[PDB]
Structure formats: structure tokens, C-alpha cells
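>>> Based on what follows, work out the 3D shape:
(2 chains)
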Amino acid sequence: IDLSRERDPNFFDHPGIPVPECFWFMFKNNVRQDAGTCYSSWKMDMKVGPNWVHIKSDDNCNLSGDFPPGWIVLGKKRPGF
Amino acid sequence: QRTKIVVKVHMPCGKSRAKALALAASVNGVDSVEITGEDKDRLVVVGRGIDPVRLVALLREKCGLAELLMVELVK
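Residues are numbered from 1 along each chain as shown, chains lettered A, B, ... in the order given. Sure, the structure comes next:
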């Protein structure tokens, strides 16, 4: 998995709300399943394979969570962030 | 208390697709509804006040299939 190689997700930033800083990418056995945006220094709940997983982001978009085997969700700051 | 909720909704057509949008957008507290996804099978719902369990359950009965993908409170 190489995030610098991964294409940007399909995103639309809503005009009213603060612009999320991160791209996340979700893999099953190193195959890209989904991708999106999330806040840095924050927290989200996500469906990761079979589980509803609570995920923390640090200020450099490092995602941590208790992912089920074979799955991972990885982050990075969007361009210019 | 604004939150973003992404739901995977069975909507093959553009016409069950507009069904899902207007239905998600009828929910109390919603600010916007957008469809995204390579397969355009995602509803993105933003608002404050929304019960995600209620969102999905409604879309479920009215479109047949709906699963929560993510809930992110707006920072």
C-alpha cells in the first residue's frame, strides 16, 4: 500500500462546514475498498469489514482503531493541509 | 451537534436514486444530501440532531437495503 500512489477519493466539501484535513483509505488485504475525508485531531465511526469501528485521527492524519483482521484504514493530510 | 453520516443505499436507477435523496432530505435536522461513490450507491447526509439508526432504518424499509458506513461529528 502506497498512499502517495493512491488516487484521490471522490469528495465534495460542503460550503458551510469546516473543510476536513485528511483523506482516509480503507483496504481489505491491501485492496482499496473505500476512501473519503475526515477531520484531523478528531474521531469518527466507520464500518470496517464486519465491524463498526471507532477511529481517532491525530494532527498528521494518522488513524488508529481496532480494525478486524485483513482490514486497515489509513490517512494522510489532503494537499496543502 | 452537526454530524455527517454516510449510508450505503440500494439505488440502481437514477429514479430510486432521487427517491433516496428526497427521503433523506425530508428527515428533520438535515442540511444537505449528496450522492457519491464510484457506484453512486452512497448517500451523504449532513445535519444536526439526526439519529443514524433512524436514518438507515427508514432508508432500509423504503429502498430495501441500507447500511451505515460512517458517522463523523463535525469538528
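
>>> Return the residues of chain A in contact with chain B.
A:10-12, A:14, A:16-18, A:20, A:34, A:36, A:38-39, A:41-47, A:52 (CB under 8 Å from any CB of the partner chain). C-beta here means a position set from N, CA and C on the backbone, and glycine is covered the same way.

>>> Just those residues: which are in helices?
Applying DSSP state H to the residues of chain A next to chain B, no entry is found in helices.

>>> Pull out the buried members of those.
Buried by 16 or more other CB atoms under 10 Å in any protein chain shown: A:20, A:34, A:36, A:38-39, A:42, A:44-47, out of the residues of chain A next to chain B.

>>> which residue ranges form the strands in chain B?
Under the criterion DSSP state E, chain B contains strands at B:2-9, B:30-36, B:42-48, B:66-73.

>>> which residues are contacting stretch A:59-69?
A:21-24, A:38, A:40-41, A:46, A:48-51, A:53-58, A:73-77 (CB atoms under 8 Å, 6 or more residues apart in numbering or on different chains).

>>> What of stretch A:71-81?
A:1, A:3, A:20-28, A:37-38, A:40, A:46, A:48-49, A:53, A:55, A:57, A:60-63, A:65, A:67.

>>> what's the answer for stretch B:1-18, then?
With CB under 8 Å, 6+ apart as the criterion, stretch B:1-18 contacts A:17, A:36, B:19-20, B:24, B:31, B:35-37, B:40-50, B:52, B:55-56, B:59, B:63-74.

>>> ok now stretch A:30-47, how far from the chain's centre?
Counting by CA atoms, centre = their mean, to the nearest Å, stretch A:30-47 is centred 3 Å from the centre of its parent chain.

>>> for stretch B:32-42, same thing?
9 Å.

>>> is any part of it close to chain A?
Yes - using CB under 8 Å from any CB, stretch B:32-42 reaches chain A at B:32, B:34, B:36-38.

>>> And the spatially most central residue of chain A, how far from residue B:34?
For chain A, residue A:24 is the residue whose C-alpha lies nearest the centre (CA atoms, centre = their mean; 1.8 Å). For residue A:24, the distance to residue B:34 equals 18 Å [CB to CB, to the nearest Å].

>>> can you check residue B:10 too?
Where residue B:34 is concerned, residue B:10 sits at a distance of 17 Å (CB to CB).

>>> Mean neighbour count for the strands of chain B - can I get that in CSV?
CSV is the format used below for the strands of chain B (neighbours: other CB atoms under 10 Å in any protein chain shown):
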stretch, mean neighbour count
strand B:2-9, 22
strand B:30-36, 17
strand B:42-48, 21
strand B:66-73, 20
